[PDB]
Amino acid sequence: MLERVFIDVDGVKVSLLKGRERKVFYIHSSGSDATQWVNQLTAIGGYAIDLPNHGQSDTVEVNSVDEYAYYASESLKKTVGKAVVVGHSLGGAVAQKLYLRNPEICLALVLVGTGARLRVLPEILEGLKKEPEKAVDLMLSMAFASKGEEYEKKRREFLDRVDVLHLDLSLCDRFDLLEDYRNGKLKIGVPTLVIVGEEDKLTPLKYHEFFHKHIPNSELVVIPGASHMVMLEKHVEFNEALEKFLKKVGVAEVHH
């Protein structure tokens, strides 16, 4: 069912995965790629970006979350025009910056396992340069509710992508919109769905209650038996929540 497509953003080749036509645009997390969203792409539809430096996209120097938001926004415009933007962790930071720069292209926001500030444990971030296996194991212990096939696969991916993982996490570590939400300057005017796995230790419940408190039209969904990787660990529950929200916002199903 899925297709891989390619577009050009200012000379940078960007790959995306796409399912059935739907105005939904997914943005993956650090050290990951569009394949993070396969369970959503096949059931809900839409497009998932491979950010530059990830998946089948070109490599290019990226020094901020804002720069990734530029690639994401251009890619959204070229594929779906306007969309519900779904971001996980780093991708949720990218989604927030995308909304702030280009609110017109966001029909709604889905903030998954993310935060207004994404400081990274120094034992992970500094541990990746010296003993990456230990750092990866620590990060993943905080990201999965259970070991098993998804955990093992992600562990191997991270071991294969340590350099990009460290670059991505360094961008997270510098990402901070917290006070701008707190002091009321940053306003999210679109419908928002905030999703977190009950066991998530990388971006815990309080990060998601923070969004829910500061965003007027937000709904919070905590998914039991999942941690940070909720869209992979509990995909059926995740999809049901997302589909209910898409109905609410009017992003119709368009079968056949």
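All residue numbers are counted from 1 along the displayed sequence.
**Student:** Would you tell me which stretch averages the higher CA B-factor in the PDB entry, 240-248 or 21-29?
**Tutor:** Per the PDB entry, the higher value belongs to 240-248.
**Student:** May I ask you to compare 72-80 and 170-178 by their mean CA B factor in the entry and name the higher one?
**Tutor:** Looking at the record's C-alpha B-factors, the answer is 170-178.
**Student:** Out of 154, 97, 130, 88, which shows the largest CA B-factor listed in the entry?
**Tutor:** It is 130.
**Student:** Between 93, 159, 110, 145, let me know which has the highest C-alpha B-factor in the entry?
**Tutor:** Each of 93, 159, 110, 145 was compared by C-alpha B-factor; the highest is 145.
**Student:** Could you look up the Cα B-factor of residue 61 in the entry and say which third of the chain it sits in: lowest, middle or highest?
**Tutor:** Within its chain, residue 61 is a highest-third residue by C-alpha B-factor, going by the deposited values.
**Student:** Comparing against every modelled residue in the chain, figure out the third that the C-alpha B-factor of residue 50 lands in (lowest, middle or highest).
**Tutor:** For residue 50, the deposited C-alpha B-factor lands in the lowest third.
**Student:** Among the chain's modelled residues, which third holds the C-alpha B-factor of residue 16?
**Tutor:** For residue 16, the deposited C-alpha B-factor lands in the lowest third.
**Student:** Sorting the chain's CA B-factors, does residue 114 end up in the lowest, middle or highest third?
**Tutor:** Lowest third, going by the recorded CA B-factors of the chain.
**Student:** Sorting by Cα B-factor within the chain, modelled residues only, which third would residue 187 end up in: lowest, middle or highest?
**Tutor:** Highest third - that is where residue 187 ends up once the chain's C-alpha B-factors are sorted.
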